[PDB]
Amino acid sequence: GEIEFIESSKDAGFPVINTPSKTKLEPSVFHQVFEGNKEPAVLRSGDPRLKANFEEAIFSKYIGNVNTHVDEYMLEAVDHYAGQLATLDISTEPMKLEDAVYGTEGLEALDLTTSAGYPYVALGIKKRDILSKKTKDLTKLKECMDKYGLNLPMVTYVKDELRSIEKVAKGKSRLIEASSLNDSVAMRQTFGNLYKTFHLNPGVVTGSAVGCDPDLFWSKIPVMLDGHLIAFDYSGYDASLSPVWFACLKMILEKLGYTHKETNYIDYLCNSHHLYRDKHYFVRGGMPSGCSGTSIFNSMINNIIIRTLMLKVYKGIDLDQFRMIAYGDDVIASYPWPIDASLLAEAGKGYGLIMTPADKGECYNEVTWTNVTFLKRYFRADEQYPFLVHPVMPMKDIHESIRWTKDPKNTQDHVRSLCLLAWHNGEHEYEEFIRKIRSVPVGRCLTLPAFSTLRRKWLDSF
């Protein structure tokens, strides 16, 4: 991805987008009880913790585009992956608008809490001023989409989240894009049925984990990932994507039945027009993280990429024996015979991708079911029910989350969430987590589930 042009918003008639000054993140009552190193991401240029230039840092993800045509390998990769998705029978028919907006099986209702994008953010208009959960009104919505139309710019926000010391100091805060409400609704109409099918079929046919429930899905991953494990990471996956990968995505959508006119919103995604605070800029390439189904589209492109890179390094590879599940940039995959992921990494560098060993590893050593992670969680079979696989979130990451809060009014929901992750670490680890929670008075006012209850409901859930 590449920023082709950047100007002051006022030169184009755009108002300044007023965007959060300080973080909503505050130390929680558990800040002193648990150990932790993460702090809220930098959101302001003057942050005293910055040891780098903030604006330069947040845009350094746009490392550029490799300008190439869709080559041999990409075509065979698009064909093979397409044929997998052919078996799902994804309807290319528009989703009817009340489904797309107010919810349906496989596609949650449009989030009424997030930004409405441009121009609503500039007019003081919130989503709850256009949409009502209880009335399911489409009257105002239709009026707005007719009024302001489509391909509106995107509002860029800095993501308010906990980050490491390294990333706070390098100012490498993450950027998410708010699509206009018009374009979110139009995109969920066009690809609603695709999002529904993917959400309802996580695994090795979709090559996608978007929407999965790890309490359930993780016992199925070892059954699907048959051979030797492949696993690695990206740096700045979303903004490293070159336009050629969107051409591949457009090709895969057309093989699925989408017309050229329906794939035009892949061009709205690839060549985007953004509003960040007082600046305004165009980007050629890169996935605008935060737009509609960017996670699904990232996952689809990642199926194209890995397949492409296998074809180019291992001529004679048999993609029919290849399995992979992707969540955006996060990949877990398998093949019957060993594969050198460092070779795949070098090849990806030729396509403008930054691939590293899995989990900040020093080298691309052998990935095992002991050390592999997915969605930051480890894999640990139950000792009593071996075919049952615990998703194990490390207690370090739970410790980091519990020390902060964006609203202490949700202390009960937040801590109970962490419990549902923490118990998979085992009963001794769990009761220590509970013990230290109850060493603060709030901890004793909370309804925390018991270990036996968690494990029972888990075993029963199957």
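Position 1 is the first residue in the sequence shown; the rest follow in order.
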Open item on the list: Given that the flanking residues are present, does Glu166 go without coordinates in at least a third of the other entries of this protein?
Closed with: no
Task: Missing-residue flag, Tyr157, threshold a third of other entries - done: no
- [ ] With reference to the PDB entry, specify whether the mean Cα temperature factor is higher for 103-111 or for 387-395.
- [x] 103-111
- [ ] With reference to the PDB entry, specify whether the mean Cα temperature factor is higher for 362-370 or for 250-258.
- [x] 362-370
Open item on the list: Per the entry's Cα B factor values, which of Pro357, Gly350, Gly207, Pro214 stands out as the maximum?
Closed with: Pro357
Task: Options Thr263, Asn271, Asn303, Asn201 - largest CA temperature factor per the record - done: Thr263
- [ ] Pull the Cα B-factor of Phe282 out of the PDB entry and bin it into the chain's lowest, middle or highest third.
- [x] highest
TODO: Consider only the C-alpha atoms of the modelled residues in this chain, order them by B-factor as the entry records it, and name the third containing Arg403: lowest, middle or highest.
DONE: middle
TODO: Within this chain's modelled residues, let me know which third the CA B factor of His428 belongs to: lowest, middle or highest.
DONE: middle
- [ ] Using the B-factors in the PDB entry, rank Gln321's C-alpha atom against the chain and give the third, lowest, middle or highest.
- [x] middle
Open item on the list: By the recorded C-alpha temperature factor, relative to the other modelled residues in its chain, which third is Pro243 in?
Closed with: middle
